[PDB]
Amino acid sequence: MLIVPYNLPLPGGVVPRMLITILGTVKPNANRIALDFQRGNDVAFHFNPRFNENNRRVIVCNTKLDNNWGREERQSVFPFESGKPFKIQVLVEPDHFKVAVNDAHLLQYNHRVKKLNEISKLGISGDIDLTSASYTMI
């Protein structure tokens, strides 16, 4: 019910206490999903489930500055399943983005991009049916 890739404007950027909620369903034969919190052409926070990286499922997080990817942060907890509905919650906290999937804490990602108020778009892409994408202040 939303078209992927989908752009969600974040007006005035992000700020601590801002909660972003993404609902959708992973496609049957999924390979990849990405959420990109963007500051212009930079990617402040890339959140990238890979369903088949050398026959392993991994989430890769990173930042893109001046077209260059930095040091990846990985982990092995992988809550997504092909064919199944998911909820991703991204809570902006003072020193990191905090991600929970299906109401279970997954990971945190320390802020590398410091101008939070310039992180003004969220891109959602890859092998999903996207139901909804929104934000609220908690």
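A residue's number is simply how far along the shown sequence it sits, counting from 1.
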Do the CA atoms of 73-81 or those of 109-117 have the higher mean B-factor in the entry? 73-81
Read off the CA B-factors in the entry, average them over 64-72 and over 98-106, and name the higher stretch. 64-72
Using only modelled residues of the chain, where does the Cα B factor of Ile128 rank: lowest third, middle third or highest third? middle
Third of the chain's Cα B-factor distribution that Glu53 belongs to, per the entry: highest
Chain third (lowest, middle, highest) by recorded CA B-factor, residue given as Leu19: middle
